[PDB]
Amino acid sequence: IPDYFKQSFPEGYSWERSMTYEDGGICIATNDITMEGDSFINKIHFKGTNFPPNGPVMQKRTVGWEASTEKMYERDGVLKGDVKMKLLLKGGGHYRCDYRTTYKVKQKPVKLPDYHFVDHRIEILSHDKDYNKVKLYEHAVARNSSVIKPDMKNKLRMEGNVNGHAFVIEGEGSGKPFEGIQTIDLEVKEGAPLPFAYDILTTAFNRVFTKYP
């Protein structure tokens, strides 16, 4: 299994992602990821619209993303990732979302004959009342059908706009890229309090943190 994300450094890479929710809510995100010494730096832009006023996102009735399997595959030399995602809801239901991501990695003609999987677990470990301060965690492992150190920092900034509401979120974190685990502490810098479910942002908050063989 080729690790196209770790081989994109020190150059860096970027991704763009569409997130289509079953009730018409739609979210678009890009991330431009670079490297400064010990740290990965993420510049994220996030737009979402057409979330129903009484749906689970505007009423904050969500309680985390379920474990997911994202399929990594090559289409005309472009590395892509598809995953169907489920947001657990208060009351016990599920709120479905289709993810389509294009991973613009350093090797611009990628060739996998031959697709592979990335299993995800993502969880908000802690948060305050209005999610102005959030501790986020991710576990990612890939499996079959000296630039990057064992410990690394991960900084990010998100400029976002969700149903008309602008906001800015910054974060500092760390992880173990070869083990595929990472944490980050996130702070709403503008637009507090967020009037929507924080869960729609967490997957935008870097596949370099993935356990590849």
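One rule holds for the numbers: they count along the sequence shown, beginning at 1.
A chain break between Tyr198 and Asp199 is not present, all residues of the deposited sequence in that interval being modelled. If you average the C-alpha B-factors over 103-111 and over 86-94, the higher value belongs to 103-111.
Look at the C-alpha B-factors of 164-172 and of 53-61. On average they run higher in 53-61. Set against one another, the Cα B-factors of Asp32, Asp38, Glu187, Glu66 in the record reach their highest point at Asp38. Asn154 sits in the middle third of its chain by CA B factor, as recorded in the PDB entry. Residue-level temperature factors show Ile26 in the middle third of its chain, judged at the C-alpha atom. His120 sits in the middle third of its chain by CA B factor, as recorded in the PDB entry. Among the modelled residues of the chain, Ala204 sits in the lowest third by CA temperature factor in this PDB entry. Annotation for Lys135: CA B-factor lies in the lowest third of the chain's modelled residues.
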